[PDB]
Amino acid sequence: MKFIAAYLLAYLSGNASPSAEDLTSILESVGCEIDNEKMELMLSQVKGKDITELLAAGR
Amino acid sequence: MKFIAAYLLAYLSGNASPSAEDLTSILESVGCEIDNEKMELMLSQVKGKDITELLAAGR
Amino acid sequence: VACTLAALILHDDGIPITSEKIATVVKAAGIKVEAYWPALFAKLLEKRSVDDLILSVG
Amino acid sequence: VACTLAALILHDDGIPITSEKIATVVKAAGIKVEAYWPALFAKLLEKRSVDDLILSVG
Amino acid sequence: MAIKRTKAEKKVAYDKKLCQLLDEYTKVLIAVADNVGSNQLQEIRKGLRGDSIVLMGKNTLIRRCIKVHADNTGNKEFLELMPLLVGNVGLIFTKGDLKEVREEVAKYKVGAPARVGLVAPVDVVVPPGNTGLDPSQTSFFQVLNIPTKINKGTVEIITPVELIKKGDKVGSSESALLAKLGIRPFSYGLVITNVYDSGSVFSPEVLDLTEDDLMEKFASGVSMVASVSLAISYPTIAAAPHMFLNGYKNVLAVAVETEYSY
C-alpha cells in the first residue's frame with residue numbers, strides 16, 4: 001500500500017515518520033493526495049513500536 | 001538472472017569476478033549488453049564476501 | 001532498501017517505476033540521488049511481473 | 001557448475017542453450033572446451049521446462 | 001449547584017467559558033458517561049484532568065457553531081456530517097492525540113455490575129462450575145435460563161452459555177441472579193461519539209484503532225520488499241545473501257529431475 005511503503009522508505013533513511021514532515025511529503029512526491037485518517041492511524045499505530053524488531057520476525 | 005549466473009560461473013573456474021575482465025566478457029559472450037550499474041552493485045555487494053560460505057547454507 | 005521501498009510504493013500508487021518517479025519519492029525522503037543505483041534498479045525491474053515476484057520467498 | 005551456470009545465464013539473456021552458445025560463454029570465462037560435458041548438458045536440458053525445474057528442491 | 005435559588009444558573013456566561021475552552025485546545029471530543037456512575041466518572045475525569053480537560057453543559061454544549069463562527073473550520077452544526085452529540089454527552093478538549101485519547105478512554109474502562117432493564121452492551125455469559133452455595137432456590141437460576149443442578153450438595157451451573165445477547169435487555173430476575181453469582185460483566189466509562197482536530201471529524205470506528213492488522217500488512221509489505229530484495233538481486237544490506245543462492249539454487253535444482261550424475 002502507499003502508507004506502508006512510504007514510512008518503511010523513511011525508516012531505511014533513518015528519518016522518523018511524522019504526519020506532515022515526511023509521510024505526507026513522500027506521498028505528495030508520488031503525486032497522490034494523502035488521506036489524513038490513514039496517515040494518522042499509521043502514526044498512532046507506530047508510536048512506541050520498534051519497527052526493526054517487528055521486521056526481524058519476518059511474516 | 002544474467003549477472004548472478006555469470007559471476008557464479010566465473011567462481012567455479014576460480015576466476016575472480018571483476019567488472020571488465022570477466023563479468024562483462026561473460027555477458028558479452030552471451031550476446032547481451034551488460035549493465036555497468038548492476039555490474040557495479042553486484043561487484044560492490046561481492047566485496048569482502050565469502051561466496052563459498054554463503055552457498056553452504058543453501059537457501 | 002530505500003530504492004526497493006520506493007518501487008513498491010510507486011506500483012501501489014499506480015505510477016510507473018522510472019528514473020523521474022523514483023527520484024521524486026527519493027528526494028521527498030531526503031536521501032541524496034545517486035545515478036548508478038536507481039538506474040540499476042529500473043534495469044533490474046525491467047521485464048518483470050512485480051505482482052508474481054512479491055508473494056513467494058521461502 | 002560452470003556448465004549449469006552457463007545454461008541459466010543463457011536462458012536469462014534469452015538465448016538458446018546449444019553447443020555454440022554454451023561454448024562462447026565458456027570461452028569468455030576462460031575455461032577449456034570439452035566436447036562431452038556441454039554435449040551431455042544440451043542433451044540433459046533437451047525436452048525440459050527450465051522454469052518449472054528451477055523452483056523446487058527440498 | 002449550591003446556589004439553588006433562581007440567580008444564574010447561566011446562559012451565555014458558561015457558553016462563553018465553553019467558547020474559549022474549544023478555542024484554547026487543538027482537539028475536541030464528544031463523549032458518553034451515561035452508562036457510568038458518579039464517582040466512576042470523577043476518576044476517569046481525574047486522568048483527563050492531568051493531561052487536559054473536559055466540560056458538561058446542555059444545549060449550551062451545542063454551540064460548536066459559535067467557536068467555529070469565531071475561527072475558520074468545520075466542527076460545528078453546519079459543515080459537520082451529522083452532529084454526533086447524543087443524549088448525556090460531555091465535551092473533552094485536549095492537548096492529547098485522538099488515537100491516544102481513544103485508547104485512554106476506551107481501553108481502560110471500569111467494570112460495573114449490570115442493571116435490571118438495562119440493554120446489554122455486550123454478550124453476558126455465565127461460567128460452568130460450583131457456585132459454592134448450599135441447596136436453596138436453584139430454581140431461580142433455571143428460571144433465568146441458566147441450567148443448574150446440585151452436585152456434591154452444592155448448586156452448580158451445568159455449562160457456560162450466553163444468558164443475554166448484546167443489544168438485548170437484561171431482565172430483572174436475570175440481573176439479580178447474576179449479581180448473587182458475583183458476576184460483573186459490564187464496562188463503563190466515557191464512550192466516544194466523535195473527535196475533531198485540525199479540520200477533520202473522526203467517528204468511533206476510526207478511533208478504535210485496528211493496529212495488529214498493520215503489523216501483518218507491515219510484515220507482508222516488508223516480505224513484499226524482502227521478496228523483491230532476494231529475487232531481484234538489489235543489495236544494499238539485507239537482500240544480498242538471499243540472491244546469491246538464487247543462481248546456485250537454480251543450479252542445485254538443475255541437478256534433481258535430471259540424468260547427469262556429476
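The rules behind these values
Summary of conventions: residues on each chain are numbered from 1 in written sequence order, possibly unlike the entry numbering, and any residue without coordinates is omitted from what is shown. Whichever chain is written first is A, and whichever ligand is written first is 1; the rest continue in order. For clarity, the chains displayed are a part of a larger assembly, and the values are limited to that part. By convention in this description, side-chain values take in all heavy atoms of the structure and omit both hydrogens and water. The pairing criterion is simple: DSSP has to find at least two bridges between the two strands. Per the convention used, a helix needs a DSSP run of H or I reaching at least four residues, while a strand needs a run of E reaching at least two, with both numbered from the N terminus. Residue contacts follow a heavy-atom distance rule, with two residues in contact if any of their heavy atoms lie within 4.5 Å. Every axis corresponds to a line fitted to the C-alpha atoms, with the helix fit spanning only the stretch in contact, and the corresponding angles, defined between N-to-C directions, vary from 0 to 180 degrees. Residue exposure (1.4 Å probe, protein chains only): buried if accessible area is under 20% of the type maximum, exposed if over 50%, otherwise partly exposed. Here's the idea: put two parts together, see how much 1.4 Å probe accessible area each one loses, and the total over both is what we call buried area. Any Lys or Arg side-chain nitrogen located within 4 Å of an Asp or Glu carboxyl oxygen qualifies as a salt bridge. Contacts described as polar in this section are N or O atom pairs within 3.5 Å, which, within protein, must combine one atom able to donate a hydrogen with one able to accept it, while residues neighboring in sequence count only if both atoms come from side chains. In this count, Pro and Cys sit with the nonpolar residues alongside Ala, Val, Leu, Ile, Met, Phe, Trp and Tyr, while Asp, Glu, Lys and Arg are called charged and the others, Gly among them, polar.

As summarised from the PDB record, the model derives from cryo-EM at a stated resolution of 34.00 Å.

(A) Structural context of the sheet that holds strand β11 (residues 191-197) of chain E. Residue and element names in this part refer to chain E. Reading across from one edge, β2-β3-β1-β11-β12 is the order of the five strands in this open sheet, with antiparallel pairing throughout. The sheet terminates laterally at β2 (54-55) and β12 (200-202), the two strands that pair on one side only. Running over the sheet, helix α4 (residues 98-107) touches β1 (27-32), β3 (89-94), β11 and β12 and is turned about 165° from β11.

(B) Quick look at the arrangement of the chains. In this assembly seven pairs of chains touch, with chains A and E having more contacts than any other pair. There is a clear gap between chain C and chain D: no contact, and 10 Å between their nearest C-alpha atoms.

(C) Molecular detail of the environment of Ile51(A). Its location among the elements puts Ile51(A) in helix α4 (residues 51-56). Owing to a relative accessible area of 8%, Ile51(A) belongs among the buried residues under this scheme. Sequence separation between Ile51(A) and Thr24(A) is 27 residues; the distance between their C-alpha atoms is 19 Å. Discounting residues that sit within four places of it in the chain, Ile51(A) has contacts with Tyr7(A), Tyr11(A), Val46(A) and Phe218(E).

(D) Summary view of the interface of chain A and chain E. Each partner contributes residues to the interface: chain A has 17 residues there, and chain E has 20 residues. Both faces considered, chain A and chain E share a buried interface measuring about 1800 Å² in area, 68% of it formed by carbon and sulfur atoms. Considering only the surface of chain A that becomes buried against chain E, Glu40(A), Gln45(A) and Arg59(A) emerge as the three largest contributors, covering 34% of it. Linking chain A with chain E are three salt bridges. The residue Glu100(E) makes a salt bridge to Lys47(A) at a minimum N-O spacing of 3.6 Å. For the interface between chain A and chain E, the tally reads four residue pairs in polar contact. Listing elements by their share of the side of chain A that touches chain E, those giving two or more residues are α1 (2-13), α3 (36-46) and α4 of chain A. A total of seven residues in the side of chain A that touches chain E trace back to one element, the largest contributor, which is α3(A). In terms of residue class, the side of chain A that touches chain E is built from 10 nonpolar, two polar and five charged.

(E) Local environment of the interface of chain D and chain B. Taken together, the 16 residues of chain D in the interface contact 17 residues of chain B. Approximately 1300 Å² of surface area, both sides summed, lies buried where chain D meets chain B, with 68% of it carried by carbon and sulfur atoms. Summed over the shared surface of chain D and chain B, the result is one salt bridge. Where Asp13(D) meets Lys2(B), a salt bridge forms, and the shortest distance between an N and an O atom there is 2.5 Å. Here chain D is connected to chain B by seven residue pairs in polar contact. At the level of secondary structure, the elements contributing two or more residues to the side of chain D that touches chain B comprise α1 (2-13) and α2 (19-29) of chain D. Among the elements that line the side of chain D that touches chain B, the one with the most residues is α1(D), at nine residues. Along the lines of polarity and charge, the residues of the side of chain D that touches chain B split into 12 nonpolar, two polar and two charged.

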